[PDB]
Amino acid sequence: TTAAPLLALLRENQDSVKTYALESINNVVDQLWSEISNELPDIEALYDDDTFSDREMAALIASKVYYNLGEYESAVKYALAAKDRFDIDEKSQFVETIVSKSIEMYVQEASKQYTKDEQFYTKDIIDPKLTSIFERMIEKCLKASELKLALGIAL
Amino acid sequence: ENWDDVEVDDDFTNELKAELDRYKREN
Amino acid sequence: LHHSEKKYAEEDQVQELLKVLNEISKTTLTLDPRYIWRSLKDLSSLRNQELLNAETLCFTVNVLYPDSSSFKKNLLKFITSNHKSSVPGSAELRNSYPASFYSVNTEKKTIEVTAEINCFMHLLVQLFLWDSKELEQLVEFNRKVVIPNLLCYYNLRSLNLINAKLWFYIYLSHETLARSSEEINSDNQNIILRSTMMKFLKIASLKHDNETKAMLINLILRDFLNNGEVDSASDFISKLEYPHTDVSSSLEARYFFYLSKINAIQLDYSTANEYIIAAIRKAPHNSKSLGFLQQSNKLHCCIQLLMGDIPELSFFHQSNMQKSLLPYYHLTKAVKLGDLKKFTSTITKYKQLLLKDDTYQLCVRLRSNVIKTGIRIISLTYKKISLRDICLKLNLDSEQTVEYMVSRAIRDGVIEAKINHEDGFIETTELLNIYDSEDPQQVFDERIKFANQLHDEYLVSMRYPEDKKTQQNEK
Amino acid sequence: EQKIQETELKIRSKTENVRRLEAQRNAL
Amino acid sequence: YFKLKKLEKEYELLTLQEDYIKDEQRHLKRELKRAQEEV
Amino acid sequence: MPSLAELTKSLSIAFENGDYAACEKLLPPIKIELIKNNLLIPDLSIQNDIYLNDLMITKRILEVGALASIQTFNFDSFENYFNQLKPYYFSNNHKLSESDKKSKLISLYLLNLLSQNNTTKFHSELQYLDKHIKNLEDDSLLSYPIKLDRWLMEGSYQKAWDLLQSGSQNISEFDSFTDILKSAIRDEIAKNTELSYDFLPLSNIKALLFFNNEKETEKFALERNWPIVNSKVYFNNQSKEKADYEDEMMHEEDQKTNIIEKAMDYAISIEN
């Protein structure tokens, strides 16, 4: 029900109509993830399309689906793809989870890269998608006068 | 125990023994 | 007279509150208060009847009220309150003590006592609603409160067990409102109710709480069975989010009872037959569980008839529930005897009783099982039987009709026979002597895994009671 | 402490698993 | 709040020390059964 | 085929006059203006618009749109317009819309699930309706797939095949799925004839399986070599028996004793 028929309409024409269809889906992304699970191959197949400009809202839909599917690492990739609809200042359990997973993935990669080069934080060796949330959250803790999260993660 | 109780109807003795009388007369 | 009545129950309420108050302050003791909260439901229900409603009036005056100023007035407005010393501040049990929630530090907002006081306040409110059977506006008014509060309040590991019992009262009070009267505003409350269960379940996934997530699942699976949509329940049970660690004794048989009803229409009775058996062993035998054992045992007898095999009819006799099991005896008897008119006349008179448990829709499909079992009975008796001999025993239509029906029995491998059209008789292809195959090894390989499964369960459980006694000093 | 509190269950889980296997070795 | 990040490393230490003993006890109990049947 | 200025009148007139392919061309321009005003689906809030404006008009548009998609053999359009009718007929509490008014629309989705040989969603939809023993059981339209599948469960295919031929319901609406269900019946019976029937001439193929034109079975005889003389089966109705099954699922027979020995070696990890 609800957005369930709207999931299969993504294969039709009139992409301008799909704009209003994806807005109604944004409400049910946190409600029913079952019907979307079958349409996941179709949602990701439209991301690489150059004629598809809705990838900002399309990545927001899959962000709360794969998250409710039980894959936390997968939801981080869709949240960092659009870099628009994801609200870092929004207070929710969903946003705070991606921040914890993105920083954790940054530590695992930067652990073995410190031996090769110490300038990795100035270069593109590490995915800039992981450094986007990592750099802003540490500076956010500095404005809050919290040295536990800023200095603890840096070590 | 109780399964044998209800499954046994009024058939057999009173019935089948009355058939054995006419069965031997036809042979 | 009325003054001593309010101080007697309030002292016992604080006595039970101080037991769980000091345990949640140091580390996590939450396992201990969970056992106390089990008996708290029974002790509070009996206490609500005594000393009228005045035990909960002075309890709010004792502590600080964040939201509860107008809630007690609205809850007591419907009963046409009789006001005796109703001015707030009449009874003061604090008197500046550390365990009494010291007032000066509380009123200066230098410490926050609201966390444990407010979450516990909503528990006593929901108890009086189910005791007094208060409905209509009082049900919806409390729903607009607790749910927004649970979004703002972030519960710790010990705090997640508070609202875990509150979600059961929200769904229970909602279903009693819909069945009592049908109004245009009834489903407006259910739409938000269905959306709220999915939002809080997302947060409880990271908390890894056993009772919190398992309580919602059994409440969500029941909502899917009322609407009749498997697609929502199919992907919901495939993730395996149901904690298997501690359900206590309440949720053991409730989870397996839903899987038997879902897989019943899936035409797979192999897995569904085990779920209904496990629900019988895990369910307590006491009187409070008789309501569940009544419906569960009625479902088990219907599944066996859908499998094509006649179950044991001795359960309809030796049990003490046979008064309600009488309609199901004539159903199996009609399928076993194969009488066509007996089955049609049986479901006609008892159709009214089968409407309550919604098992009449499965009884309509038992019409086919009458022929399914009738073929199995006549086939095992005669290995080689003529085509016209079956129509004489079961009073079938013609030879072309039975030729199609016998072919339906060996589809799944039930009868395992062959039909000879030129020879004119049906011959059974089962020579037995199955021991020469690998079938004995297939069963023995599972028995070793099942034995080691019970080993793995006993493999690691000992130290749990030994943690407390060995660490503490002994004589 | 989101990761610290989430991984705290692994401490009590592995601790109760190893201690109960020591009683079998201490018996041997 | 200092003990929160300090015990974070201790959590991995307590896990490994219990895993190393669990791995070595399997090789220790094998020699224990050999001495019982030898007597 | 456009008729009047309004897009609704052009769809209703062209629906009863035939040419269901042209009716699907006027559907896209209708949903463009409805989605902007949120008239395509009923809102959860109260807009004070139920049976007025275009919401009642949209109710009829989506109802006739599903019946026009079955004649064009479009599975996606029929499932889309049907799933859009889930908020319809339900909405809030009592019935402000039209679904059960035409009971064939529900059966078209029920018979469409049998086209894919999917019993999971088929048997679940009967529990979705409100009155099971009133509107579902008494009406022969909602009981049409039940009575059709009842003889399939009983095993007799003679009466079940007559519902698709001698019945009067296969003329207009069910004509789309008639030949589809007729192809589903011939894909069921003969699966069992493999082991049970050793041999049989072409007379039983035309009679028991109810085949009309000759040499059409030869089209089913092409690839897997059907000298019908005794038993050539396993082309249609599943497949061959092959041989030498190893290294697929769980335990096998011929080559590997290791996984069989693994059950005996399973106690190694349990004891150690």
# chains A, B, ... in the order shown; residues from 1 in each chain; ligands from 1
call {"tool": "residues_around", "arguments": {"residues": "residue 133 in chain F", "least_positions_apart": "4", "cutoff": "10 Å", "atoms": "only C-alpha atoms", "output": "NGL selection string"}}
result
(:C and (351 or 355 or 360-361)) or (:F and (137-139))
call {"tool": "write_last_selection", "arguments": {"atoms": "N, CA, C and O atoms", "output": "PDB file, in the first residue's frame"}}
result
ATOM      1  N   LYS C 351     -20.347 -23.326  11.646  1.00  0.00           N
ATOM      2  CA  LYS C 351     -19.766 -22.174  10.963  1.00  0.00           C
ATOM      3  C   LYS C 351     -19.740 -20.938  11.855  1.00  0.00           C
ATOM      4  O   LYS C 351     -18.829 -20.111  11.743  1.00  0.00           O
ATOM      5  N   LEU C 355     -16.078 -18.730  13.134  1.00  0.00           N
ATOM      6  CA  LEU C 355     -15.864 -17.349  12.715  1.00  0.00           C
ATOM      7  C   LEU C 355     -15.001 -16.577  13.705  1.00  0.00           C
ATOM      8  O   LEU C 355     -14.316 -15.624  13.314  1.00  0.00           O
ATOM      9  N   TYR C 360     -12.519 -20.969   9.698  1.00  0.00           N
ATOM     10  CA  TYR C 360     -13.491 -21.486   8.741  1.00  0.00           C
ATOM     11  C   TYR C 360     -12.956 -21.437   7.316  1.00  0.00           C
ATOM     12  O   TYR C 360     -13.315 -22.286   6.492  1.00  0.00           O
ATOM     13  N   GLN C 361     -12.106 -20.456   7.007  1.00  0.00           N
ATOM     14  CA  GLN C 361     -11.535 -20.363   5.667  1.00  0.00           C
ATOM     15  C   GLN C 361     -10.626 -21.546   5.362  1.00  0.00           C
ATOM     16  O   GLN C 361     -10.523 -21.964   4.203  1.00  0.00           O
TER      17      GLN C 361
ATOM     18  N   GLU F 137     -17.642 -15.492  -0.175  1.00  0.00           N
ATOM     19  CA  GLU F 137     -18.114 -16.859  -0.382  1.00  0.00           C
ATOM     20  C   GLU F 137     -19.369 -16.907  -1.246  1.00  0.00           C
ATOM     21  O   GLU F 137     -19.484 -17.769  -2.125  1.00  0.00           O
ATOM     22  N   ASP F 138     -20.317 -15.996  -1.015  1.00  0.00           N
ATOM     23  CA  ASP F 138     -21.592 -16.067  -1.724  1.00  0.00           C
ATOM     24  C   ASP F 138     -21.444 -15.662  -3.185  1.00  0.00           C
ATOM     25  O   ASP F 138     -22.029 -16.296  -4.072  1.00  0.00           O
ATOM     26  N   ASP F 139     -20.673 -14.613  -3.458  1.00  0.00           N
ATOM     27  CA  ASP F 139     -20.512 -14.145  -4.828  1.00  0.00           C
ATOM     28  C   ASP F 139     -19.621 -15.106  -5.606  1.00  0.00           C
ATOM     29  O   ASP F 139     -18.530 -15.467  -5.154  1.00  0.00           O
TER      30      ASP F 139
END
call {"tool": "closest_atom_pairs", "arguments": {"of": "chain E", "to": "chain D", "cutoff": "9 Å", "atoms": "only C-alpha atoms", "output": "Markdown table"}}
result
| residue | atom | partner | partner_atom | distance |
| --- | --- | --- | --- | --- |
| E:4 | CA | D:1 | CA | 7.5 |
| E:5 | CA | D:4 | CA | 8.2 |
| E:7 | CA | D:4 | CA | 8.9 |
| E:8 | CA | D:4 | CA | 6.5 |
| E:11 | CA | D:11 | CA | 6.7 |
| E:12 | CA | D:11 | CA | 8.6 |
| E:14 | CA | D:11 | CA | 7.4 |
| E:15 | CA | D:11 | CA | 6.7 |
| E:18 | CA | D:18 | CA | 6.3 |
| E:19 | CA | D:18 | CA | 7.9 |
| E:21 | CA | D:18 | CA | 8.3 |
| E:22 | CA | D:18 | CA | 6.7 |
| E:25 | CA | D:25 | CA | 7.4 |
| E:28 | CA | D:25 | CA | 8.6 |
| E:29 | CA | D:25 | CA | 6.9 |
| E:32 | CA | D:28 | CA | 6.9 |
| E:33 | CA | D:28 | CA | 8.2 |
call {"tool": "interface_residues", "arguments": {"of": "chain B", "to": "chain C", "cutoff": "8 Å", "atoms": "only C-alpha atoms", "output": "MDAnalysis selection string"}}
result
chainID B and resid 1:3
call {"tool": "interface_residues", "arguments": {"of": "chain C", "to": "chain A", "cutoff": "9 Å", "atoms": "only C-alpha atoms", "output": "ChimeraX atom specification"}}
result
/C:151,194-199,202-203,231-236,239,241
call {"tool": "residues_around", "arguments": {"residues": "residue 57 in chain A", "least_positions_apart": "6", "cutoff": "8 Å", "atoms": "only C-alpha atoms", "output": "PyMOL selection string"}}
result
chain A and resi 22-23+26+82+85
call {"tool": "closest_residue", "arguments": {"among": "C:464, C:458, C:329, C:200", "to": "chain F", "atoms": "only C-alpha atoms"}}
result
C:458
call {"tool": "residues_around", "arguments": {"residues": "residue 56 in chain A", "least_positions_apart": "2", "cutoff": "9 Å", "atoms": "only C-alpha atoms", "output": "VMD selection string"}}
result
chain A and resid 53 to 54 58 to 60 81 to 86
call {"tool": "write_last_selection", "arguments": {"atoms": "N, CA and C atoms", "output": "PDB file, in the first residue's frame"}}
result
ATOM      1  N   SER A  53      18.611  13.326 -12.512  1.00  0.00           N
ATOM      2  CA  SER A  53      19.038  14.401 -11.626  1.00  0.00           C
ATOM      3  C   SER A  53      18.485  14.267 -10.214  1.00  0.00           C
ATOM      4  N   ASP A  54      17.695  13.233  -9.944  1.00  0.00           N
ATOM      5  CA  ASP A  54      17.064  13.038  -8.647  1.00  0.00           C
ATOM      6  C   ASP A  54      17.921  12.219  -7.689  1.00  0.00           C
ATOM      7  N   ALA A  58      17.164  10.281  -4.410  1.00  0.00           N
ATOM      8  CA  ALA A  58      17.236   8.831  -4.563  1.00  0.00           C
ATOM      9  C   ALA A  58      18.190   8.215  -3.549  1.00  0.00           C
ATOM     10  N   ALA A  59      19.292   8.905  -3.245  1.00  0.00           N
ATOM     11  CA  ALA A  59      20.224   8.397  -2.244  1.00  0.00           C
ATOM     12  C   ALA A  59      19.654   8.514  -0.837  1.00  0.00           C
ATOM     13  N   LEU A  60      18.761   9.480  -0.610  1.00  0.00           N
ATOM     14  CA  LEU A  60      18.125   9.607   0.696  1.00  0.00           C
ATOM     15  C   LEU A  60      17.173   8.450   0.970  1.00  0.00           C
ATOM     16  N   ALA A  81      26.917   9.718  -1.015  1.00  0.00           N
ATOM     17  CA  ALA A  81      26.859   9.902  -2.460  1.00  0.00           C
ATOM     18  C   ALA A  81      26.207  11.230  -2.828  1.00  0.00           C
ATOM     19  N   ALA A  82      25.065  11.543  -2.212  1.00  0.00           N
ATOM     20  CA  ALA A  82      24.351  12.770  -2.550  1.00  0.00           C
ATOM     21  C   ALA A  82      24.969  13.991  -1.879  1.00  0.00           C
ATOM     22  N   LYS A  83      25.318  13.875  -0.594  1.00  0.00           N
ATOM     23  CA  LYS A  83      25.898  14.972   0.183  1.00  0.00           C
ATOM     24  C   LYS A  83      24.982  16.193   0.223  1.00  0.00           C
ATOM     25  N   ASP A  84      23.675  15.980   0.069  1.00  0.00           N
ATOM     26  CA  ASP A  84      22.723  17.084   0.082  1.00  0.00           C
ATOM     27  C   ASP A  84      21.575  16.793   1.042  1.00  0.00           C
ATOM     28  N   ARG A  85      20.766  15.780   0.724  1.00  0.00           N
ATOM     29  CA  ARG A  85      19.602  15.461   1.542  1.00  0.00           C
ATOM     30  C   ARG A  85      19.979  14.946   2.925  1.00  0.00           C
ATOM     31  N   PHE A  86      21.214  14.488   3.112  1.00  0.00           N
ATOM     32  CA  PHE A  86      21.671  14.047   4.424  1.00  0.00           C
ATOM     33  C   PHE A  86      21.940  15.268   5.293  1.00  0.00           C
TER      34      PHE A  86
END
call {"tool": "residues_around", "arguments": {"residues": "range 277-282 of chain C", "least_positions_apart": "3", "cutoff": "8 Å", "atoms": "only C-alpha atoms", "output": "list in words"}}
result
residues 249, 252, 253, 254, 256, 257, 273, 274, 293, 296, 297 and 300 of chain C
call {"tool": "write_last_selection", "arguments": {"atoms": "N, CA and C atoms", "output": "compact mmCIF listing (two decimals), in the first residue's frame"}}
result
# COMPACT_ATOMS: atom_id res chain seq x y z
N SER C 249 9.46 -16.18 30.22
CA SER C 249 8.46 -17.18 29.85
C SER C 249 7.30 -16.62 29.05
N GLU C 252 8.06 -16.79 24.77
CA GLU C 252 8.56 -18.04 24.20
C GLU C 252 7.62 -18.59 23.14
N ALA C 253 6.36 -18.83 23.51
CA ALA C 253 5.41 -19.45 22.61
C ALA C 253 4.68 -18.45 21.73
N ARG C 254 4.78 -17.15 22.03
CA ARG C 254 4.07 -16.16 21.24
C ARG C 254 4.70 -15.97 19.86
N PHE C 256 6.46 -18.33 18.03
CA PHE C 256 6.22 -19.50 17.19
C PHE C 256 4.75 -19.65 16.79
N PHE C 257 3.84 -19.02 17.53
CA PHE C 257 2.42 -19.12 17.19
C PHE C 257 2.10 -18.35 15.91
N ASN C 273 4.65 -27.25 10.92
CA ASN C 273 4.27 -28.27 11.89
C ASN C 273 5.16 -28.23 13.13
N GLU C 274 6.42 -27.83 12.97
CA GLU C 274 7.32 -27.75 14.12
C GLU C 274 7.07 -26.50 14.95
N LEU C 293 -3.22 -21.59 25.22
CA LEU C 293 -3.27 -23.02 24.94
C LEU C 293 -4.58 -23.43 24.28
N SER C 296 -4.00 -22.36 20.52
CA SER C 296 -2.86 -23.03 19.91
C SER C 296 -3.18 -24.49 19.58
N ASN C 297 -3.81 -25.20 20.52
CA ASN C 297 -4.14 -26.60 20.28
C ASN C 297 -5.22 -26.76 19.22
N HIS C 300 -3.20 -26.65 15.89
CA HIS C 300 -2.39 -27.84 15.61
C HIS C 300 -3.23 -28.93 14.94
call {"tool": "closest_residue", "arguments": {"among": "F:21, F:40, F:35, F:152", "to": "chain A", "atoms": "only C-alpha atoms"}}
result
F:35
call {"tool": "closest_atom_pairs", "arguments": {"of": "chain F", "to": "chain A", "cutoff": "8 Å", "atoms": "only C-alpha atoms", "output": "tab-separated table"}}
result
residue	atom	partner	partner_atom	distance
F:32	CA	A:17	CA	6.6
F:35	CA	A:20	CA	7.0
F:36	CA	A:20	CA	7.5
F:76	CA	A:8	CA	7.9
F:79	CA	A:5	CA	7.9
F:80	CA	A:5	CA	5.2
F:81	CA	A:5	CA	7.5
F:83	CA	A:5	CA	5.2
F:84	CA	A:5	CA	5.6
F:86	CA	A:1	CA	5.4
F:87	CA	A:1	CA	6.5
call {"tool": "write_last_selection", "arguments": {"atoms": "N, CA, C and O atoms", "output": "PDB file, in the first residue's frame"}}
result
ATOM      1  N   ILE F  32      -0.711  13.340 -14.683  1.00  0.00           N
ATOM      2  CA  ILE F  32       0.188  14.482 -14.540  1.00  0.00           C
ATOM      3  C   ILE F  32      -0.463  15.568 -13.693  1.00  0.00           C
ATOM      4  O   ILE F  32       0.150  16.106 -12.764  1.00  0.00           O
ATOM      5  N   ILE F  35      -1.311  14.266  -9.777  1.00  0.00           N
ATOM      6  CA  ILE F  35      -0.246  14.168  -8.787  1.00  0.00           C
ATOM      7  C   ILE F  35       0.147  15.538  -8.249  1.00  0.00           C
ATOM      8  O   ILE F  35       0.641  15.638  -7.119  1.00  0.00           O
ATOM      9  N   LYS F  36      -0.073  16.604  -9.022  1.00  0.00           N
ATOM     10  CA  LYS F  36       0.254  17.943  -8.540  1.00  0.00           C
ATOM     11  C   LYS F  36      -0.738  18.404  -7.480  1.00  0.00           C
ATOM     12  O   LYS F  36      -0.361  19.098  -6.528  1.00  0.00           O
ATOM     13  N   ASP F  76       2.939  -5.091 -16.029  1.00  0.00           N
ATOM     14  CA  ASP F  76       3.369  -4.016 -15.143  1.00  0.00           C
ATOM     15  C   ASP F  76       2.265  -2.986 -14.938  1.00  0.00           C
ATOM     16  O   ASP F  76       2.039  -2.529 -13.812  1.00  0.00           O
ATOM     17  N   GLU F  79      -0.506  -4.403 -12.583  1.00  0.00           N
ATOM     18  CA  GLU F  79      -0.083  -4.483 -11.189  1.00  0.00           C
ATOM     19  C   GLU F  79       0.121  -3.100 -10.582  1.00  0.00           C
ATOM     20  O   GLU F  79      -0.077  -2.921  -9.376  1.00  0.00           O
ATOM     21  N   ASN F  80       0.512  -2.115 -11.393  1.00  0.00           N
ATOM     22  CA  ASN F  80       0.684  -0.761 -10.878  1.00  0.00           C
ATOM     23  C   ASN F  80      -0.659  -0.134 -10.524  1.00  0.00           C
ATOM     24  O   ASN F  80      -0.841   0.383  -9.416  1.00  0.00           O
ATOM     25  N   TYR F  81      -1.616  -0.174 -11.455  1.00  0.00           N
ATOM     26  CA  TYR F  81      -2.917   0.433 -11.198  1.00  0.00           C
ATOM     27  C   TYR F  81      -3.683  -0.308 -10.109  1.00  0.00           C
ATOM     28  O   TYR F  81      -4.474   0.307  -9.386  1.00  0.00           O
ATOM     29  N   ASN F  83      -2.207  -1.872  -7.454  1.00  0.00           N
ATOM     30  CA  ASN F  83      -1.582  -1.500  -6.189  1.00  0.00           C
ATOM     31  C   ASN F  83      -1.909  -0.062  -5.805  1.00  0.00           C
ATOM     32  O   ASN F  83      -1.890   0.278  -4.617  1.00  0.00           O
ATOM     33  N   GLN F  84      -2.206   0.792  -6.788  1.00  0.00           N
ATOM     34  CA  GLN F  84      -2.666   2.141  -6.488  1.00  0.00           C
ATOM     35  C   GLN F  84      -4.063   2.149  -5.883  1.00  0.00           C
ATOM     36  O   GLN F  84      -4.449   3.144  -5.261  1.00  0.00           O
ATOM     37  N   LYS F  86      -5.010   0.162  -3.490  1.00  0.00           N
ATOM     38  CA  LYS F  86      -4.960  -0.256  -2.091  1.00  0.00           C
ATOM     39  C   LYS F  86      -5.428   0.837  -1.136  1.00  0.00           C
ATOM     40  O   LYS F  86      -6.205   0.525  -0.217  1.00  0.00           O
ATOM     41  N   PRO F  87      -5.013   2.104  -1.271  1.00  0.00           N
ATOM     42  CA  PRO F  87      -5.632   3.142  -0.431  1.00  0.00           C
ATOM     43  C   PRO F  87      -7.096   3.369  -0.759  1.00  0.00           C
ATOM     44  O   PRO F  87      -7.851   3.812   0.116  1.00  0.00           O
TER      45      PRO F  87
END
call {"tool": "atom_distance", "arguments": {"atom1": "CA of residue 79 in chain C", "atom2": "CA of residue 138 in chain C"}}
result
11.4 Å
call {"tool": "atom_distance", "arguments": {"atom1": "CA of residue 171 in chain F", "atom2": "CA of residue 78 in chain F"}}
result
19.0 Å
call {"tool": "select_by_dssp", "arguments": {"residues": "range 39-157 of chain F", "states": "helix (DSSP H, G or I)", "output": "ChimeraX atom specification"}}
result
/F:55-69,75-83,104-115,120-125,132-138,144-154,157
call {"tool": "closest_atom_pairs", "arguments": {"of": "chain C", "to": "chain F", "cutoff": "8 Å", "atoms": "only C-alpha atoms", "output": "tab-separated table"}}
result
residue	atom	partner	partner_atom	distance
C:182	CA	F:93	CA	7.8
C:183	CA	F:93	CA	7.2
C:184	CA	F:93	CA	5.6
C:185	CA	F:93	CA	7.6
C:186	CA	F:93	CA	6.8
C:187	CA	F:93	CA	5.6
C:188	CA	F:92	CA	6.6
C:227	CA	F:128	CA	5.6
C:228	CA	F:128	CA	4.5
C:229	CA	F:124	CA	6.4
C:230	CA	F:124	CA	6.6
C:231	CA	F:121	CA	7.7
C:265	CA	F:123	CA	6.0
C:266	CA	F:120	CA	5.4
C:267	CA	F:119	CA	7.8
C:361	CA	F:132	CA	7.8
C:365	CA	F:150	CA	7.3
C:367	CA	F:154	CA	7.7
C:368	CA	F:154	CA	4.5
C:369	CA	F:154	CA	7.4
C:371	CA	F:154	CA	6.5
C:372	CA	F:154	CA	7.2
C:401	CA	F:156	CA	5.7
C:402	CA	F:156	CA	7.2
C:403	CA	F:156	CA	7.9
C:404	CA	F:156	CA	4.8
C:405	CA	F:155	CA	3.9
C:406	CA	F:155	CA	7.1
C:407	CA	F:192	CA	6.7
C:408	CA	F:155	CA	5.0
C:409	CA	F:155	CA	7.8
C:410	CA	F:192	CA	7.6
C:411	CA	F:192	CA	6.2
C:417	CA	F:196	CA	6.8
C:418	CA	F:196	CA	4.0
C:419	CA	F:196	CA	5.4
C:420	CA	F:197	CA	6.4
C:421	CA	F:197	CA	7.6
C:445	CA	F:263	CA	5.8
C:448	CA	F:263	CA	7.6
C:449	CA	F:266	CA	7.9
C:452	CA	F:270	CA	7.0
C:456	CA	F:270	CA	7.9
call {"tool": "atom_distance", "arguments": {"atom1": "CA of residue 304 in chain C", "atom2": "CA of residue 269 in chain C"}}
result
8.6 Å
call {"tool": "decode", "arguments": {"residues": "range 10-24 of chain D", "atoms": "N, CA, C and O atoms", "output": "compact mmCIF listing (two decimals), in the first residue's frame"}}
result
# COMPACT_ATOMS: atom_id res chain seq x y z
N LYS D 10 30.20 -7.48 24.40
CA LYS D 10 31.20 -8.48 24.06
C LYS D 10 32.12 -8.79 25.23
O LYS D 10 32.71 -9.88 25.27
N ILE D 11 32.26 -7.86 26.18
CA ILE D 11 33.09 -8.12 27.35
C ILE D 11 32.43 -9.15 28.26
O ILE D 11 33.05 -10.15 28.64
N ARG D 12 31.17 -8.92 28.62
CA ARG D 12 30.47 -9.86 29.49
C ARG D 12 30.17 -11.17 28.79
O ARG D 12 30.06 -12.21 29.44
N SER D 13 30.02 -11.15 27.46
CA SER D 13 29.73 -12.37 26.72
C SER D 13 30.94 -13.30 26.70
O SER D 13 30.83 -14.48 27.04
N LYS D 14 32.10 -12.78 26.31
CA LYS D 14 33.30 -13.61 26.23
C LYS D 14 33.82 -13.98 27.61
O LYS D 14 34.46 -15.03 27.76
N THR D 15 33.57 -13.14 28.61
CA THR D 15 34.04 -13.45 29.96
C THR D 15 33.29 -14.64 30.55
O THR D 15 33.91 -15.55 31.11
N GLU D 16 31.97 -14.64 30.42
CA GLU D 16 31.18 -15.76 30.92
C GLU D 16 31.41 -17.03 30.11
O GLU D 16 31.15 -18.13 30.62
N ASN D 17 31.89 -16.91 28.87
CA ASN D 17 32.15 -18.10 28.07
C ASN D 17 33.47 -18.76 28.46
O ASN D 17 33.56 -20.00 28.50
N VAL D 18 34.50 -17.97 28.75
CA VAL D 18 35.80 -18.54 29.06
C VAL D 18 35.87 -19.07 30.49
O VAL D 18 36.49 -20.11 30.74
N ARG D 19 35.23 -18.39 31.44
CA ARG D 19 35.26 -18.85 32.83
C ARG D 19 34.59 -20.21 32.97
O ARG D 19 35.07 -21.07 33.73
N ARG D 20 33.49 -20.43 32.26
CA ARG D 20 32.77 -21.69 32.36
C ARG D 20 33.50 -22.83 31.66
O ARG D 20 33.21 -24.00 31.94
N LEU D 21 34.43 -22.51 30.76
CA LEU D 21 35.32 -23.51 30.18
C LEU D 21 36.56 -23.76 31.03
O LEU D 21 37.27 -24.75 30.79
N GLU D 22 36.84 -22.90 32.01
CA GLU D 22 37.96 -23.14 32.91
C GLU D 22 37.62 -24.19 33.96
O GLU D 22 38.50 -24.93 34.41
N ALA D 23 36.34 -24.28 34.35
CA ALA D 23 35.93 -25.29 35.32
C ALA D 23 36.13 -26.69 34.77
O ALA D 23 36.43 -27.62 35.54
N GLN D 24 35.96 -26.88 33.47
CA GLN D 24 36.22 -28.19 32.87
C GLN D 24 37.71 -28.49 32.85
O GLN D 24 38.12 -29.63 33.09
